[PDB]
Structure formats: C-alpha cells, structure tokens
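Visitor: What shape does this take:
(one chain, ligands or ions: 4)
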Amino acid sequence: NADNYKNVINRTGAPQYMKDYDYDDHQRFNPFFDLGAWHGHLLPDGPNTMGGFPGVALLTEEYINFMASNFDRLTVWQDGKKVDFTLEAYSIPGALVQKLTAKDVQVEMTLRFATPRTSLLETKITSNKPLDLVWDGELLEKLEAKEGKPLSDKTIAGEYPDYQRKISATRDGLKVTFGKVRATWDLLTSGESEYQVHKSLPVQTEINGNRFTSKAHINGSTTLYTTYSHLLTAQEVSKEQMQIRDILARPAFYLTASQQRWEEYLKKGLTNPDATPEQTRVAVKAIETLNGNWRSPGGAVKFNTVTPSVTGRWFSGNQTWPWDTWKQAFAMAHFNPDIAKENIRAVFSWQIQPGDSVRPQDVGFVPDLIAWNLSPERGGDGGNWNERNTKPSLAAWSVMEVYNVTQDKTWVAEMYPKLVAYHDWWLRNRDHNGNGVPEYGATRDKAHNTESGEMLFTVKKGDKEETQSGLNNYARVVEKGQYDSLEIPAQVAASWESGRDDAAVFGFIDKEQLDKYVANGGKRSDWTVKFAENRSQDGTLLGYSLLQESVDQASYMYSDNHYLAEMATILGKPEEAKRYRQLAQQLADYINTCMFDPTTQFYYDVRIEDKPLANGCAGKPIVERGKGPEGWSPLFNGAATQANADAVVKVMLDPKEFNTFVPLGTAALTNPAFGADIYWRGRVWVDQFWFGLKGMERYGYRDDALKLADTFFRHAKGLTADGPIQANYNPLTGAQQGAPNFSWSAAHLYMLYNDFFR
Ligand SMILES: OC[C@H]1O[C@@H](O[C@H]2[C@H](O)[C@@H](O)[C@@H](O)O[C@@H]2CO)[C@H](O)[C@@H](O)[C@H]1O
Ligand SMILES: OC[C@H]1O[C@@H](O)[C@H](O)[C@@H](O)[C@@H]1O
Ligand SMILES: [Ca+2]
Ligand SMILES: [Mg+2]
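Guide: Numbers count the residues shown, from 1 in each chain. Ligands and ions are numbered 1, 2, ... in the order given. Here you go, the structure:
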C-alpha cells in the first residue's frame, strides 16, 4: 500500500523562477512525474500555495522548466465568505494528495497520472451548502535563480521573445500555448506545445494577460475531475483529446489503474521486507525516482525511456544514455519490466544501420546520448545528441535480466540481433590489433578529427594553446615532451566511452599530480596516451582506438558474450551460441593472462605496445597509472579465476586502497591521480560500488560485501533523509555530489536493498 510511504522525497515547493536551480544548476525542487508524462507537479508548501499543486514543471523536449508557481489553485467561497482552510499535503508512490479542512467545507485533492501526457486531479468536495469555487493561476515571469537567489533580473519573455505564452479558455477549462523556442541548452518547444486543463463540470474562465480566474458553482458535496496535459506537438494535442474525454467520462477507471499499477510496483519491487524501515524507504525512493525519470515516446525517441534525472540540468527531457539504460533496465526489470524493456528498445532504436547517412562505417554502433532532437548532423537541432562514443557493453546483461523476470522469449528474439550487431561493431571498430580484445576509443567525428581524417589535439605550454592534427604529428610531439599538457578530444571520448569521464587510466592527471608522480621517480611518459586509427582494408577510417585494452570493457564483453550464448541457445541457434562461448573463453584467458598483475594483485588496462609480449598479450598492465574500479570488473563479470579474484578482493578491502569511509570509489587512494572531489578519480558511485559487491559475492566474498553495504548505508550522507538521490559520494567524508534524482543511483540503491541491505 502506497499510503505507508508518505513524503519519501520532499516534493514541496513554490517555484518563483523558470530555472529555479540549486547550486549545480538542477531544478531545486522534485516534482511528481508518472506514466512517462512530460509534466510534473509539486506539493504546496504553505498558505500561499494551498488549494493547488504549484510549480507546474514542463519537460520542454530536453530540459525541465517551471511554467507557473500557482496554477489552477482552488479557493472556495461560501455565501461570500472565503473559506479559511487547514492544509495537509503529502506525496505517496504514484500520487500527490492534499486535504483542505474547514468547519463546514472540506476538499481532498488527489493527483495521479492517467496517460503518457495527462495527469488527473480528483477534487472531492464535502459541503452542506452550495459553494462558489474559484481557481486562479499565473505564469512565471522571472527566469533564473540559484538557491532562491536571482542570477539576473532577466525575465522569461525577455530571454525568449518567441515564447510568447498565452492562456486561452475552452468549453471545459483552459490551455496555455507556447511559441517556438529553439534554445539549445535551455528551452525547446515545437511552437505547437500546450498545457491543457479540462474539467468534469462547466467553469467560467476569465483571462487577464498571464493569469486566469475560473469560476464554478456546485450545489453541495461533489467530486470534480481535472486533467492536466503537457502536449508537445499538434499531433499530441489532437490525439490526447479523446483520452481526456474518456478520463473525465470514467475517471475511476484511471485512478484505479494508477492505484493498481503502483501497488504492483511496490509489491513486486519490495522483496526484502526484513530490511530496516529506512532501507525500505530508500527502495521506495528509488522506485519513485526511476519511475519519475521515465519518459514516454517523444520526438526522435519512439519508445518509453528513462533518463538519468528529470530534474537534472543536462539529464532531463528524454535524454537517454546506453550504460545508464542497461543499469536502469536491470533494476526496473524487477518492478516495472514493461518500461525496462522500453528503455532498452529506446537505446537500440538508434543503433547505426547499414547505409546510415552519417556514419555507415559504424554499423551496430549504439549512440551515447539520444534525445528528442537529432543533432545537426542528422537534420535536427539538438546540442545533446552524441555519437562521439558509445558506452560499455552491459546490454545483453540488461536484456537477460528482463528475460529472467518476464520469461518472454519474444523479448530475447527481438533483442538478440541488436546485441549481436553491437558486439560486432566493437570488434570491427574498436580492435586495432585484431586480437579480439577491444579498446575504448572515438568515432570518426568533427570533435575528433579534421574532415581529411587527421586526429585533433591541442598542445599547451604556459599560456600558449596550439591546436594541431595528425597522429604522426601527435607521436612526434609526445616523444619530444615540449609541452605542459595536451588536450585530446579522442582521449576525452575514449574516457566517455568507458563511462568514467577523465579517469586516471586514460591518462587524465592534474599538473600537480603529474609533477609529484615524476618527482617520486615516475616517468612523465607513463601517463602519455597513444592512439591508432582503425581503418578497413579499403582505407575507410572506422575511428580511433586508444592503444590500450581496458579490463572493464573486456570483462563486460566477456559476460555479454555469455548472455548472447544463452540467448542463442534459447532461440535454437546452437552454432552461434558455440561461437559466443568460445569468444567469451578467449576473452577470459586474455583478461587473466594479460590484464592481471599478480604483483600488485589487481587488474589493469594493458597497453597495445609496439610488439606484443611473448605470451601474446598486446602489452604490460598499466600498473603505474594506479588502481581503479575497472580492477574488479573481471569479478563482477565472472571472467576472473578464483585465485585472481581472491587477490583483487584483498585489495578492495584494503583501507589504503579502496576501503574508505564510503568504500570502493573510482580510484584507489594510492592512485597518483586520485581526488576525493573528482568524479571518476575517487568519488564513489553506487554502480561501481554495487559491481564490486556483486563481484565479491560471485567469488565467495558475500560476507565481506554485506559489511561494505552496511558501511555504505551508515556513511553515505543523506541516504535516510528525504532529499533526492544523487550520483556519487566523497569517499573520505561521504558528502553527496552530482545530479539529484539520479537514475542509476536509484537503480543500484534498489539492487543493494534487494541484494545487500540487511
Ligand atoms: O555529452 C556526452 C557526455 O555527457 C557527459 O555528461 C554530461 C556531463 O556530466 C555534464 O557536466 C555536461 O557536460 O553535460 C553532459 C551531458 O551532455 C557524460 O559524462 C559523458 O560520459 C558523455 O556521455
Ligand atoms: O548518467 C549520465 C552520465 O553522467 C555522467 O556524469 C557520467 O560520467 C556518465 O558515465 C553517465 O553516463
Ligand atoms: Ca585489441
Ligand atoms: Mg521477516
């Protein structure tokens, strides 16, 4: 029952600005979203907002933007006396509720979602006498603030002259229309988008500029219904009208469908009732978060999907990442498999096909970031769409988990060839030395190379920045050492392809950290990253590889290969299943032979050296760049031998390595490029944390994993409070950072609830 989990996240707030941002530019409030809808609602915070759900949050294609503070707020009049109500407002999973109580009149307002575009408000009025109902609303004026404090005195209309917001009135309520705004990083509307209000009774709505007042008279106790719809195109507007009429014709049907759908999420999802109440509350927060971040089909993304955070400054709209998705779907398989499936379909719906106009050399490539708007390269105007890189291979894992739950063979038959094609891309475009062990790298892309296909790089000495191109020129520069630093877009993308932006093993290290490394006897050239172009025998530039095979991706391709094998078996494709088992086995041999360092007792990426080693390995483990979470990837993925795993686990548990106040961060404390404030060189992310716990368990160390899980639960800050879930933690102090309502934190906090919280 949803009513046991009230106010799991604080969803109160009265937005005063379109961008009512917190310190890191995320909307500092947490609206309720559901059914994949494109608008959200907040609870009133007091007297000023009661009678309404303030802060209509709109998802304007790729961003979250508030529309109004008070919109369709009820005040009730009884024979010319304004009823002074007492307020009680709360959220539960799948609803907002507010109760207005006075002596003679009471109102109970219940807000759920009814469709992918429409929320449904039940306004249940109890009264002896007839009443006069007044609803009011007012569009926001001010643009931007941080922590409530204005960033400028700019207005919404000033900044977006074509936004030109107008309220109109309909034969059963009212609508806000919006002009076309193509503000790449802020606000994207089609010019046909609307916010529609329809009601089950006639109302008399008057409009004065950017506010309205609607009136109605009722003869006494009655239940009213209101729909709120953010409709983003004309096609959506037309298509939704019959939905709205069915909703208002049979509102009970939709309330019950929301009630039931949510009972089902909690029933399916809450499988560890022995968890502490606060742990259980964390799982519910996670479920609320993941479902809040679910977006129904929109623009270029023709499937339901889940973004990393609906309130996130760069994560909102339907902006979708692959490895985020794999993790999200894996978790969501257990309580909302329908959308788990969709999320995965959404990512693969933009897998590169033969004959692709932009990058035919990348067949099977899965884009890093898809969203409502295609990039200019594909005829859209989206600034977020990204095909510089993909993310790591956790896709078959995610698909198999959905299959584990649903036992739906049609799912496996649907996903198998997409997974095959993805596997095939890695081996074709990310395996420079042809040894079947992939590298991270970078696509042919305007961020990475010149039109003529020469790799870009920038040399910096003092205040001189010197932009250049060509791998051979890059090689000569690197050897000579006549620079302070280098910025290499293909290096950035390779690190983005691992998902661990700026991680040490990809050669990312601060000036002062590198100096100290060299002073301690290290060679500066130990951190130099090398690259090679991957060309088809016909000359075609397929992309760039770091001259480096990464242990995480090898390990992920390992398990991915096993899941392909199981799917092949399920689909009666015994030869293909054979091939994938043998490929897996080869990878495991290479992981253990090449990537394991028995001396430091850890796994590392290897260099592709100029000559392969005598054992066939492309190069030595890159021990000198330090230890990271990629070191237990072989364990999470089952590639490791027991002895290698035993060794890795001692390192994981070591306080001078990864056994920190919040343990298992993204670089060990001994990593020369460590920083507690650095996302992927020290901060603790819940995915990597959980992958380590799973790795440990798989090789017999579940008891130790439980204690790390307990330590994490006691130390990771804000976990038992009512704040939104964020992305990562300071390993030393446990302070939270990163986007609020962060999906894969929710996914993995949920899996921890399921797998490791006791
Ligand atoms: O754009 C592709 C990359 O996006 C990065 O994510 C955010 C980044 O965290 C944020 O600070 C800002 O730069 O916008 C980006 C989203 O467009 C990912 O971190 C990176 O791995 C790529 O996916
Ligand atoms: O959640 C979306 C993205 O957020 C970034 O901060 C992380 O570095 C990426 O690995 C992730 O894919
Ligand atoms: Ca290789
Ligand atoms: Mg019990």
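
Visitor: tell me the secondary structure for the closest residue to ligand 3 within the stretch 51-200 of the chain?
Guide: The stretch 51-200 of the chain approaches ligand 3 most closely through residue 62 (35.6 Å), counting by Cβ to the ion. Backbone N, C-alpha and C define where each C-beta goes, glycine included. In three-state terms, and counting by DSSP: H, G, I helix; E, B strand; the rest coil, residue 62 is coil.

Visitor: residues in contact with the closest residue to ligand 2 within the stretch 301-450 of the chain?
Guide: Per Cβ to the nearest ligand atom, residue 308 is where the stretch 301-450 of the chain lies closest to ligand 2, at 3.5 Å. Residues in contact with residue 308, defined by Cβ atoms under 8 Å, 6 or more residues apart in numbering, are 293, 315, 319, 321, 324, 739, 742, 743, 744.

Visitor: Now, those that are in helices?
Guide: Helix and strand membership here follows DSSP state H; of the contacts of residue 308, those in helices are 324, 743, 744.

Visitor: nearest to residue 542, of those residues?
Guide: Within the ones in helices among the contacts of residue 308, proximity to residue 542 (Cβ to Cβ) peaks at residue 324, which comes in at 25.5 Å.

Visitor: ok, that closest one - how many residues close by?
Guide: 28 (other Cβ atoms under 10 Å).

Visitor: Likewise for residue 409?
Guide: A count of nearby residues for residue 409, using other Cβ under 10 Å, gives 12.

Visitor: what's the burial count for the closest residue to it other than its chain neighbours?
Guide: Of all residues not flanking residue 409 in the chain, residue 570 sits nearest, at 6.3 Å (Cβ to Cβ, 6 or more residues apart in numbering). When neighbours are counted by other Cβ under 10 Å, residue 570 registers 16.

Visitor: And the helices in the stretch 501-650 of the chain?
Guide: Along the stretch 501-650 of the chain, counting by DSSP state H, counting those that start in this stretch, helices occupy 511-519, 551-570, 574-590, 633-636, 642-652.

Visitor: Next, name the residue at the spatial heart of the chain.
Guide: Residue closest to the mean C-alpha point of the chain, counted by Cα atoms, centre = their mean, is residue 308 at 1.5 Å.

Visitor: quick one: that residue and residue 408, what's the gap?
Guide: Using Cβ to Cβ, to the nearest Å, one obtains 27 Å as the distance from residue 308 to residue 408.

Visitor: Likewise for residue 753?
Guide: Between residue 753 and residue 408 the distance, using Cβ to Cβ, works out to 25 Å.

Visitor: How about residue 544?
Guide: Counting by Cβ to Cβ - residue 544 and residue 408 are separated by 39 Å.

Visitor: Compare the two and say which is more crowded by neighbours.
Guide: For residue 544 and residue 408, the more surrounded residue by other Cβ under 10 Å is residue 544, and the numbers stand at 31 against 13.

Visitor: quick one: contacts for the residue of the chain most remote from its centre?
Guide: In the chain, residue 79 marks the outermost C-alpha relative to the chain mean, sitting 51.5 Å out by Cα atoms, centre = their mean. Residue 79 is in contact with residue 129, counting by Cβ under 8 Å, 6+ apart.

Visitor: got it, and residue 542?
Guide: Residues in contact with residue 542, defined by Cβ under 8 Å, 6+ apart, are 361, 362, 428, 429, 444, 533, 534, 535, 536.

Visitor: How many residues are close by residue 433?
Guide: Counted by other Cβ under 10 Å, the residues lying close to residue 433 total 17.

Visitor: wouldn't it be in contact with residue 616 here?
Guide: No - proximity of residue 433 to residue 616 does not meet the contact threshold set by Cβ atoms under 8 Å, at 10.7 Å.

Visitor: What sits closest to residue 595 if chain neighbours are left out?
Guide: Among residues not flanking residue 595 along the chain, residue 551 sits closest, at 4.3 Å (Cβ to Cβ, 6+ apart).

Visitor: cool, and residue 398?
Guide: With Cβ to Cβ, 6+ apart as the criterion, residue 398 has its nearest non-adjacent residue at 4.0 Å, and that residue is residue 326.

Visitor: before we move on, which element is the one you found in?
Guide: Residue 326 is located in helix 322-332, with elements delineated by DSSP states H and E.

Visitor: And ligand 1, is the helix or strand that that helix is followed by touching that?
Guide: For helix 322-332, the following helix or strand on the C-terminal side (DSSP H and E) is helix 337-348. No - counting by Cβ under 6 Å from any ligand atom, ligand 1 has no neighbours in helix 337-348; the shortest distance is 12.6 Å.

Visitor: Helix 337-348: what's the following helix or strand?
Guide: If you walk from helix 337-348 toward the C-terminus, the next helix or strand you reach (DSSP H and E) is helix 395-406.
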